[PDB]
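So the structure is just underneath, and the comments pick up after that.
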Amino acid sequence: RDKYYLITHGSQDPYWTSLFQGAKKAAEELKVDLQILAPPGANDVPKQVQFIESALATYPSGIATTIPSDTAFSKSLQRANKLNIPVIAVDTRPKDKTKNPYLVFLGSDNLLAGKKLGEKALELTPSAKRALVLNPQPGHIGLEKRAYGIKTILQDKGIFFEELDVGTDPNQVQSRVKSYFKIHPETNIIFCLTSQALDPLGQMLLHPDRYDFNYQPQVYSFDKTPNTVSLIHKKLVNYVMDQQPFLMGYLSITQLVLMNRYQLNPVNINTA
Amino acid sequence: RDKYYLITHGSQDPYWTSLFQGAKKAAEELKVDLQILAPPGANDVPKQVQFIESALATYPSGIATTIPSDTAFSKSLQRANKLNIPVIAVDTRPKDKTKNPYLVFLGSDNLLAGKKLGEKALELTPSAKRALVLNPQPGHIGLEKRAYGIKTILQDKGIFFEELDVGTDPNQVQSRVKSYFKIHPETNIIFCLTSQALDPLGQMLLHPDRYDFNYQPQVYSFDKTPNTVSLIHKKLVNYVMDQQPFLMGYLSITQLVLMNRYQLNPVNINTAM
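Each protein sequence line maps, in turn, to chains B and A. Note that the authors' numbering has the first sequence beginning at 22, numbered continuously upward. Note that the authors' numbering has the second sequence beginning at 22, numbered continuously upward.
Following this line, the structure appears as structure tokens:
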């Protein structure tokens with residue numbers, strides 16, 4: 022019974038559970054064992070590196086892991102490459118494969134997704150002159166590419182903008198945003214790099230009087246989580262890039278299995 | 022301005038942000054300062070105890086805090102009592118205030134709320150065969166009262182039931198729930214003690230094929246969070262108890278202030294509908 026691992030840097034978001042279920046679904050249909058390793062929070066890279074090192078020591082048939090840092094995983098990844106343990110990157114990938122080796126990547130092209138969302142925003146709300154980008158985890162190389170994409174679209178079109186570190190604590194996200202709007206009450210658009218930033222904002226959009234947030238800005242986000250879908254339906258959110266985490270999880274375990282059982286070579290896949 | 026503290030044992034549940042906003046809004050209108058202290062997770066008692074302890078050192082005008090344990094907070098509460106710092110209990114309260122002193126309690130009567138949820142589920146779900154109670158926080162004395170209240174109603178009607186400790190990790194809640202249904206497929210009623218149990222469950226109710234969860238049970242819960250409200254509109258959840266956290270927040274800070282500015286005695290307030 023071949024053993025496989027799916028290791029990530031977070032697990033509380035609805036995004037993670039979709040991805041986890043896709044992988045579990047593939048594991049079940051292909052009849053292989055899957056162990057999921059993820060820190061108790063939204064981000065804890067040193068703990069993730071720990072999981073990867075522990076998994077490697079069990080000589081698994083394959084590992085699918087997120088790689089949200091350009092340096093924190095280098096040693097672990099290099100080790101895995103030397104021991105010939107196939108590693109597939111999912112969700113987030115490093116910019117240098119020689120320093121951070123892995124076989125292929127399954128996920129979105131974060132830089133492009135951002136550009137696509139910025140373009141969509143200016144297309145659905147051309148009258149925009151001021152935008153706000155909410156980053157729940159500055160440093161996350163994947164989110165950094167998204168923000169960069171959006172920003173290149175905004176600047177090229179002359180739109181003013183600023184990126185804000187909101188963290189993941191709901192109360193802090195809401196107050197950082199309310200603080201920004203009091204100083205710039207003209208902000209017309211808000212970009213949420215993940216649903217972690219959207220959820221706290223959505224609550225204020227749903228109860229504008231209770232939160233003293235009647236601005237009614239145009240909002241764009243990433244990931245179609247249950248609450249995100251509800252806000253779209255309510256027309257409080259204009260557009261959301263979907264990375265299809267379930268497809269991502271399912272296909273990653275599938276390629277690892279096909280490689281082991283048939284000596285096939287996995288390939289990169291843009292799951293957007 | 023006078024300094025006030027709102028201390029809780031959690032901060033991720035959308036329920037808290039609603040409580041926090043009510044407290045902040047009251048602070049704003051009354052022109053007092055308010056600091057909110059809550060562990061980064063969804064439950065951390067020792068951390069909360071330290072928060073209360075460090076708050077006391079600053080000799081604040083008042084403190085509002087949850088008390089989810091009959092033992093963990095005793096010393097801190099007694100200390101606060103000796104320093105003459107007013108303490109109001111919100112959301113959850115201890116069974117014995119002689120050992121755990123606090124002035125008044127603003128929140129709902131957990132036991133009664135549980136009984137009420139149980140009675141409503143039996144009304145709306147006449148076909149009731151077997152119920153499952155999902156506890157995301159064993160140890161939380163408020164949730165124990167809820168579960169107990171629900172079980173008394175279920176026992177009275179001869180409905181089979183079981184309480185399951187699902188924790189708060191979304192993946193684990195789903196896993197443990199699916200395992201139970203594989204063993205008891207006839208289970209047709211689910212009671213979620215908080216939205217922390219409901220969210221991961223709601224994801225499966227929205228994509229039953231993806232999660233291999235086509236049972237379609239009747240669901241009951243506590244706290245009308247955004248996702249909970251959405252699930253209600255989609256008829257995936259039948260009835261949800263509302264404790265009105267915003268009101269709880271607003272009124273608790275308001276009483277602490279009226280107490281300091283006007284020499285009034287605060288009173289207990291059941292915030293339920």
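Positions of the beta carbon are idealized from the N, C-alpha and C atoms, including for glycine.
* To do: Using 10 angstroms around the beta-carbon of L40 (chain B), count the other beta-carbons present and answer buried if the total reaches 16, otherwise exposed.
  => buried
* Asked: When DSSP builds the beta bridges, which residues end up paired with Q276 (chain B)?
  -> Assignment of beta-bridge partners to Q276 (chain B) by DSSP yields no partner.
* To do: Output, in chain order, the set of chain B residues within a Cβ distance shorter than 9 Å of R231 (chain A).
  => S39, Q42, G43, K46 and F267
* Does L155 (chain A) get closer than 8 Å to chain B when you measure Cβ to Cβ? -> no
* To do: Provide the residue span of the beta strand (DSSP E) that contains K24 (chain A), from first to last.
  => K24 to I28
* Asked: Looking only at C-alpha atoms, which of B:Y283, B:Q284, B:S273 and B:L285 sits nearest to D112 (chain B)?
  -> Comparing Cα-Cα distances from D112 (chain B) to each of B:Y283, B:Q284, B:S273 and B:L285, the minimum goes to B:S273.
* Asked: Which whole-angstrom value describes the C-beta separation of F267 (chain A) and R231 (chain B), a residue pair presumed to lie in contact below a C-beta threshold of 8 Å?
  -> 6 Å
* Taking the beta strand (DSSP E) that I211 (chain B) falls in, what are its first and last residues? -> Segment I210 to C213, the beta strand (DSSP E) holding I211 (chain B).
* **Within chain B, the residues that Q195 (chain A) reaches when beta carbons sit closer than 9 Å** => Among the residues of chain B, those whose CB is under 9 Å from the CB of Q195 (chain A) are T38, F41 and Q42, following chain order.
* With a cut-off of 8 Å, does the C-beta of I253 (chain B) fall near any C-beta of chain A? -> With 8 Å as the cut-off, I253 (chain B) does not count as an interface residue toward chain A.
* Asked: Is the Cβ of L55 (chain A) closer than 8 Å to any Cβ of chain B?
  -> no
* **Contact residues within the region 205-232 of chain B, judged by C-beta distance below 9 Å to chain A** => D220, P221, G223, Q224, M225, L227, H228, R231 and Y232
* In this structure, what does DSSP give as the bridge partners for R151 (chain B)? -> Partner(s): B:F181.
* Check whether the region 42-58 of chain B touches the region 22-29 of chain B, taking contact to mean three or more Cβ pairs, one atom from each stretch, closer than 8 Å. => yes
* Asked: What in chain B is Cβ-close to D190 (chain A), meaning under 8 Å?
  -> Ordered by position in chain B, the residues that pass the 8 Å Cβ test against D190 (chain A) are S32, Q33 and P61.
* Asked: Using a Cβ-Cβ distance under 8 Å, would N248 (chain B) count as near chain A?
  -> Yes, contact with chain A.
* To do: If I'm right that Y80 (chain A) touches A48 (chain A) with Cβ under 8 Å, what's the distance once you round it to whole angstroms?
  => About 18 Å; that fails the 8 Å criterion.
* Asked: Nearest to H228 (chain B) by CA position, among B:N131, B:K255, B:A149 and B:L153, is which residue?
  -> The residue with the shortest Cα to Cα distance from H228 (chain B) is B:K255.
* Asked: Sorted by chain position, which residues of the same chain lie with C-beta nearer than 8 Å to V125 (chain A)'s C-beta, five sequence neighbours on each side aside?
  -> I109, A110, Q276, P287, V288, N289 and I290
* Under the three-state reduction of DSSP, which class applies to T246 (chain B): helix, strand or coil? -> coil
* Asked: Taking three-plus beta-carbon pairs below 8 Å as touching, is the region 128-136 of chain A in contact with the region 178-194 of chain A?
  -> no
* Is the region 277-286 of chain A close to the region 81-92 of chain A, with three or more CB pairs under 8 Å? -> yes
* Status (buried if at least 16 other CB within 10 Å, exposed otherwise) for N105 (chain A) -> In this structure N105 (chain A) is exposed. Its beta-carbon is surrounded by fewer than 16 other beta-carbon atoms within 10 angstroms.
* CB-CB under 8 Å to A149 (chain B), same chain, minus the five flanking residues each way: which ones, in chain order? -> Sequence-distant Cβ neighbours of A149 (chain B) in its own chain, meaning closer than 8 Å and more than five residues away, are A142, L143, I180, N209, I210 and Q239.
* For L51 (chain A), which of A:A293, A:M294, A:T292 and A:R282 has the nearest alpha-carbon? -> A:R282
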